[PDB]
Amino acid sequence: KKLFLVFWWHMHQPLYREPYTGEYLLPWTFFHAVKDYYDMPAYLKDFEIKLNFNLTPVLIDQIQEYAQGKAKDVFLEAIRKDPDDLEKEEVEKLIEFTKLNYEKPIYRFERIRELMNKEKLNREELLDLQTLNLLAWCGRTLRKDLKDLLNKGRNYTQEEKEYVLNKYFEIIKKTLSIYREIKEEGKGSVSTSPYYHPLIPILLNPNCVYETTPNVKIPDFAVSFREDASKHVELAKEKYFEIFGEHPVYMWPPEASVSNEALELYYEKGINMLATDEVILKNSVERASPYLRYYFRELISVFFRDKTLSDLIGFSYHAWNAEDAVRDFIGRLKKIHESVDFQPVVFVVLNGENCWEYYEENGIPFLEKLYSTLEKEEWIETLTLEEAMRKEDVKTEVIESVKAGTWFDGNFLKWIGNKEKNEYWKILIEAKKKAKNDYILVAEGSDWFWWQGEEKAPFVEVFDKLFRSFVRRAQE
């Protein structure tokens, strides 16, 4: 009797590229590409396990633009320049960015504490601030290769900074290749999401929000987004086809969001399997185990992720010692293994790039200990998505209906329902009436609504600038 374990790491960034200037207004795609997007699948070169990944098409687009050297990244140009060439605004942007990341474990360099406690910084000190911001986002592979510059910790030269930058772009240029390789070798499956990561159930039917939050206010949806919902899915299939030469058979619905209509659309578009959240299962079926493969109306296969285990990695284990975290994780899998007579399928689904910066050493001790332990546990078999989809020796169940929701409390309140988020929907609804190009799809991405009307921290104004720019461009 085995326990089947399925890791599914979701990778996404909204489009940071301003449509009129072409400038990347935030550097997050760059930093998560050099730190996480290559290195998470690159663990498969050192550990004989299966790991699966989701890549949104919008993220793939930006990775390609950086690998081709066409990405005009405003924050990165402030990093690359000789400090004597920096504009006063670029120095402020560099300091603000450091301050935003200052308490993250990956930013624990003593030299950073010194620089941020100085009244003014000379050229030598700015070069360290530039280079240490680069090095704090160093991924596992180059952490081994650049160890001597990393342990230097201070006194960086322009030449050393440009060397690091060169190695980072080498990593980005190999990123889509590593996904093709692990896919070809059978080390994992690769999925995508509808193109700009929208909330498909809302696009299809905005009233589905009342299935879980009857008291919420939503704007007057005076146009139909149903066709744009088909578009996100179709163009995502095209983009995945471009990269991997095959149409995607698995999809990760953005924010785990499903509804009866969304599942029908995924089915009509040829999708054979997706996953969603455990809260959706419990809202939809009176008594239901998340360790079975589910068939929605015998149309499409659905797995419901293990919310606890997914949340443990995504939010808890950063605060633990690495060995104890893995002992806890393994112990829970042993309890699942012993508690059922059949072979349970356990789905661990979370973002693949956002939790590691809060772990010691960028999550590397945790993941190396976790993956080394998993690979030696006889009774655990990690599975590609394809294997989990086609696995014969598992338990299965048909379900006929789901209550619409997301993995945020099983509802849509992260993206609609307050004055500020509803204003974005009003802006999109009016813009959709006058839309003339696919920038209307960019504006339908979940991220713009996620950040809206939530507390004001640095650079969240940039998301508002991007959303409104895409909405304006969509009408020209």
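Note that residue numbering follows the sequence shown and begins at 1.
- Judged by mean Cα B factor in the deposited record, 107-115 ranks above the other of 107-115 and 134-142.
- Comparing the deposited coordinates for 445-453 and 431-439, the stretch with the larger average C-alpha B-factor is 431-439.
- Per the PDB record, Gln68 has a higher Cα B-factor than any other of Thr56, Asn52, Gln68, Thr29.
- Per the PDB record, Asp148 has a higher Cα B-factor than any other of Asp148, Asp306, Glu255, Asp128.
- In the deposited entry, the Cα temperature factor of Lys403 places it in the lowest third of its chain's modelled residues.
- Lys45 sits in the highest third of its chain by CA B factor, as recorded in the PDB entry.
- In the deposited entry, the Cα temperature factor of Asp277 sits in the bottom third of values across the chain's modelled residues.
- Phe463 sits in the middle third of its chain by CA B factor, as recorded in the PDB entry.
- The PDB entry assigns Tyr358 a C-alpha temperature factor belonging to the highest third of its chain's modelled residues.
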